[PDB]
$ cat input34.cif   # mmCIF, C-alpha atoms and all ligand atoms
data_structure
#
loop_
_atom_site.label_atom_id
_atom_site.label_comp_id
_atom_site.auth_asym_id
_atom_site.auth_seq_id
_atom_site.Cartn_x
_atom_site.Cartn_y
_atom_site.Cartn_z
CA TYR A 1 29.99 45.48 -16.40
CA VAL A 2 32.78 43.26 -17.77
CA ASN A 3 31.93 39.98 -19.52
CA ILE A 4 34.49 37.61 -18.07
CA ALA A 5 33.13 34.76 -20.21
CA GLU A 6 34.21 36.45 -23.42
CA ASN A 7 36.66 34.26 -25.39
CA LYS A 8 36.69 31.56 -22.67
CA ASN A 9 36.81 27.98 -23.89
CA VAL A 10 33.53 26.21 -24.67
CA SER A 11 33.18 22.43 -24.56
CA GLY A 12 30.12 20.25 -25.02
CA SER A 13 28.07 18.22 -27.41
CA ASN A 14 28.41 18.19 -31.22
CA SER A 15 27.67 21.19 -33.38
CA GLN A 16 26.38 21.89 -36.86
CA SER A 17 29.12 22.86 -39.27
CA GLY A 18 29.44 26.64 -39.26
CA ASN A 19 27.92 27.06 -35.82
CA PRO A 20 30.52 25.93 -33.32
CA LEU A 21 30.43 25.89 -29.52
CA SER A 22 32.93 28.78 -29.55
CA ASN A 23 30.15 31.04 -30.85
CA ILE A 24 28.69 30.97 -27.27
CA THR A 25 31.49 33.24 -25.91
CA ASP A 26 32.62 35.29 -28.95
CA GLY A 27 30.83 38.44 -27.86
CA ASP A 28 28.56 38.43 -30.93
CA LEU A 29 24.86 38.15 -30.12
CA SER A 30 24.18 37.16 -33.74
CA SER A 31 26.57 34.16 -33.91
CA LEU A 32 25.10 30.84 -32.80
CA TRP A 33 26.09 27.48 -31.55
CA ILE A 34 23.61 24.99 -33.11
CA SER A 35 23.35 21.36 -31.98
CA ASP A 36 24.42 18.89 -34.68
CA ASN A 37 21.48 17.36 -36.44
CA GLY A 38 19.29 19.09 -33.84
CA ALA A 39 20.14 16.54 -31.29
CA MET A 40 18.55 16.82 -27.77
CA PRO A 41 19.72 16.95 -25.13
CA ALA A 42 22.52 19.31 -26.14
CA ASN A 43 25.02 20.83 -23.73
CA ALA A 44 27.69 23.50 -23.51
CA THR A 45 30.20 24.23 -20.73
CA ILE A 46 32.24 27.43 -20.35
CA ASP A 47 35.57 27.20 -18.48
CA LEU A 48 36.25 30.48 -16.67
CA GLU A 49 39.67 29.09 -15.61
CA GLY A 50 39.32 28.99 -11.87
CA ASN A 51 37.10 30.76 -9.42
CA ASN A 52 35.96 34.25 -10.45
CA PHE A 53 33.26 36.36 -8.83
CA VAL A 54 30.22 36.56 -11.12
CA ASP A 55 27.37 38.94 -10.40
CA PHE A 56 24.98 37.52 -13.03
CA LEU A 57 24.83 35.54 -16.24
CA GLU A 58 23.08 36.43 -19.44
CA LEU A 59 21.81 33.57 -21.66
CA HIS A 60 20.98 34.78 -25.14
CA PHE A 61 19.03 32.92 -27.79
CA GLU A 62 18.92 33.84 -31.48
CA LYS A 63 15.48 35.51 -31.14
CA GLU A 64 12.43 35.41 -28.89
CA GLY A 65 9.76 32.82 -29.23
CA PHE A 66 11.39 29.44 -29.02
CA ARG A 67 9.89 26.93 -26.55
CA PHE A 68 13.08 25.29 -25.37
CA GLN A 69 13.31 23.43 -22.08
CA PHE A 70 16.72 24.08 -20.56
CA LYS A 71 18.78 24.52 -17.40
CA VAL A 72 21.77 26.58 -16.40
CA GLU A 73 24.15 25.36 -13.65
CA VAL A 74 27.34 26.80 -12.16
CA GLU A 75 30.25 25.08 -10.53
CA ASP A 76 33.17 26.23 -8.38
CA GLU A 77 36.74 24.81 -8.12
CA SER A 78 35.33 22.65 -5.34
CA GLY A 79 33.22 20.52 -7.62
CA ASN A 80 30.10 22.10 -6.07
CA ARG A 81 27.67 22.11 -9.06
CA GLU A 82 24.35 23.89 -8.63
CA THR A 83 21.33 24.82 -10.73
CA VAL A 84 20.80 28.60 -11.09
CA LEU A 85 17.91 28.50 -13.63
CA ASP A 86 15.69 25.49 -14.27
CA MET A 87 13.37 25.79 -17.25
CA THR A 88 13.25 22.06 -17.90
CA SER A 89 9.42 22.00 -17.56
CA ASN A 90 8.91 25.14 -19.60
CA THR A 91 5.97 25.18 -22.03
CA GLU A 92 5.76 28.91 -22.87
CA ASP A 93 7.37 31.14 -25.43
CA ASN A 94 10.97 31.88 -24.36
CA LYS A 95 12.36 35.37 -24.02
CA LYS A 96 15.28 36.29 -26.29
CA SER A 97 17.52 36.46 -23.26
CA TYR A 98 17.61 35.56 -19.58
CA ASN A 99 19.49 37.26 -16.76
CA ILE A 100 20.44 34.85 -13.94
CA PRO A 101 21.85 35.96 -10.58
CA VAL A 102 24.93 34.15 -9.30
CA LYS A 103 26.60 36.56 -6.81
CA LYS A 104 29.51 34.30 -5.94
CA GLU A 105 32.80 32.88 -7.16
CA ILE A 106 32.39 30.26 -9.88
CA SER A 107 34.73 28.48 -12.25
CA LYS A 108 32.37 26.90 -14.85
CA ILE A 109 28.96 27.53 -16.43
CA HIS A 110 26.91 24.63 -17.78
CA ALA A 111 23.95 25.06 -20.11
CA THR A 112 21.81 22.18 -21.23
CA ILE A 113 18.84 22.19 -23.63
CA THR A 114 16.89 19.14 -22.66
CA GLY A 115 13.80 19.41 -24.86
CA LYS A 116 11.20 21.61 -26.47
CA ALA A 117 7.46 22.08 -25.82
CA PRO A 118 5.04 21.99 -28.75
CA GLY A 119 3.84 25.02 -30.73
CA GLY A 120 4.75 28.62 -31.21
CA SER A 121 6.34 30.23 -34.19
CA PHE A 122 9.47 28.08 -34.37
CA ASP A 123 8.36 24.55 -33.41
CA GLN A 124 10.99 22.69 -35.39
CA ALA A 125 13.91 24.81 -34.17
CA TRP A 126 17.11 23.06 -33.31
CA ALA A 127 18.74 23.54 -29.89
CA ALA A 128 20.95 26.62 -30.17
CA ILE A 129 22.50 29.37 -28.04
CA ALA A 130 23.66 32.83 -29.27
CA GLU A 131 25.72 33.85 -26.25
CA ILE A 132 26.36 33.32 -22.59
CA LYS A 133 27.90 36.25 -20.75
CA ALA A 134 29.18 36.29 -17.15
CA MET A 135 29.15 39.80 -15.76
CA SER A 136 31.21 41.18 -12.94
CA CA A 201 27.73 34.43 -30.17
#
$ encode --input "input34.cif" --output "structure tokens"
Amino acid sequence: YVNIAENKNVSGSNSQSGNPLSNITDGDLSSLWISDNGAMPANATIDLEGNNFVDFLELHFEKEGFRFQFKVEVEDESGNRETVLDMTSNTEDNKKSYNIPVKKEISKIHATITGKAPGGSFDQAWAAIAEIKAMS
């Protein structure tokens, strides 16, 4: 597979110094975007520059065990925006990473961390994403 998201422009909400939005598409699963002052909601958008077939996305967090509530949406050149993964009511431990089928042409990826459920090992963690890949 080829990660067509790699080095694509990331826009979105404010970031902690040292942990910019650009860390979402740098290809490094260890480099993070972290929301500034741990603000929620926090959001990131990847511009794929026009419509590109995407088989699936991968959303990577720093490590397993957060309890973020989040959603992933895709959009085409049309303006048709659509939710592909909705974990906004999540209360359980999160996996380290999520595969998400798309199987169509898309032009943008939108990730939003809307909240966090109580408990687990990292209950004061700030909203943060290690990587989003778009495989074709
Ligand atoms: Ca990264």
$ residues_near_point --input "input34.cif" --point "(21.6, 30.8, -27.6)" --cutoff "8 Å" --atoms "all atoms listed in the file" --output "PyMOL selection string"
chain A and resi 24+32-33+59-62+128-132
$ atom_distance --input "input34.cif" --atom1 "CA of residue 26 in chain A" --atom2 "CA of residue 8 in chain A"
8.4 Å
$ residues_around --input "input34.cif" --residues "residue 125 in chain A" --least-positions-apart "4" --cutoff "10 Å" --atoms "only C-alpha atoms" --output "ChimeraX atom specification"
/A:34,38,66-68,116,121
$ residues_near_point --input "input34.cif" --point "(31.5, 17.8, -23.3)" --cutoff "9 Å" --atoms "all atoms listed in the file" --output "short mmCIF file (atom, residue, chain, number, x, y, z; two decimals) with C-alpha atoms, in the frame of the given file"
data_model
loop_
_atom_site.label_atom_id
_atom_site.label_comp_id
_atom_site.auth_asym_id
_atom_site.auth_seq_id
_atom_site.Cartn_x
_atom_site.Cartn_y
_atom_site.Cartn_z
CA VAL A 10 33.53 26.21 -24.67
CA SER A 11 33.18 22.43 -24.56
CA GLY A 12 30.12 20.25 -25.02
CA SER A 13 28.07 18.22 -27.41
CA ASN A 14 28.41 18.19 -31.22
CA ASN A 43 25.02 20.83 -23.73
CA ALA A 44 27.69 23.50 -23.51
CA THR A 45 30.20 24.23 -20.73
#
$ atom_distance --input "input34.cif" --atom1 "CA of residue 40 in chain A" --atom2 "CA of residue 71 in chain A"
12.9 Å
$ atom_distance --input "input34.cif" --atom1 "CA of residue 25 in chain A" --atom2 "CA of residue 5 in chain A"
6.1 Å
$ closest_residue --input "input34.cif" --among "A:84, A:117, A:102, A:127" --to "residue 54 in chain A" --atoms "only C-alpha atoms"
A:102
$ closest_residue --input "input34.cif" --among "A:4, A:96, A:83, A:111" --to "residue 65 in chain A" --atoms "all atoms listed in the file"
A:96
$ closest_residue --input "input34.cif" --among "A:52, A:16, A:80, A:30" --to "residue 134 in chain A" --atoms "all atoms listed in the file"
A:52
$ closest_residue --input "input34.cif" --among "A:123, A:75, A:70, A:133" --to "ligand CA 201 (chain A)" --atoms "only C-alpha atoms and all ligand atoms"
A:133
$ closest_residue --input "input34.cif" --among "A:42, A:21, A:87, A:135" --to "ligand CA 201 (chain A)" --atoms "all atoms listed in the file"
A:21
$ residues_around --input "input34.cif" --residues "residue 101 in chain A" --least-positions-apart "3" --cutoff "8 Å" --atoms "all atoms listed in the file" --output "number ranges by chain"
A: 55-57, 84
$ residues_around --input "input34.cif" --residues "residue 106 in chain A" --least-positions-apart "6" --cutoff "9 Å" --atoms "only C-alpha atoms" --output "number ranges by chain"
A: 48, 50-54, 74-77
$ write_last_selection --input "input34.cif" --atoms "C-alpha atoms" --output "CSV table (one decimal), keeping the file's coordinate frame"
chain,number,residue,atom,x,y,z
A,48,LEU,CA,36.2,30.5,-16.7
A,50,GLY,CA,39.3,29.0,-11.9
A,51,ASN,CA,37.1,30.8,-9.4
A,52,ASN,CA,36.0,34.2,-10.4
A,53,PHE,CA,33.3,36.4,-8.8
A,54,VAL,CA,30.2,36.6,-11.1
A,74,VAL,CA,27.3,26.8,-12.2
A,75,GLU,CA,30.2,25.1,-10.5
A,76,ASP,CA,33.2,26.2,-8.4
A,77,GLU,CA,36.7,24.8,-8.1
$ closest_residue --input "input34.cif" --among "A:41, A:31, A:1, A:20" --to "ligand CA 201 (chain A)" --atoms "all atoms listed in the file"
A:31
$ axis_aligned_box --input "input34.cif" --around "range 124-133 of chain A" --padding-each-side "8 Å" --output "lines of an AutoDock Vina configuration file"
center_x = 19.4
center_y = 29.5
center_z = -28.1
size_x = 32.9
size_y = 29.6
size_z = 30.6
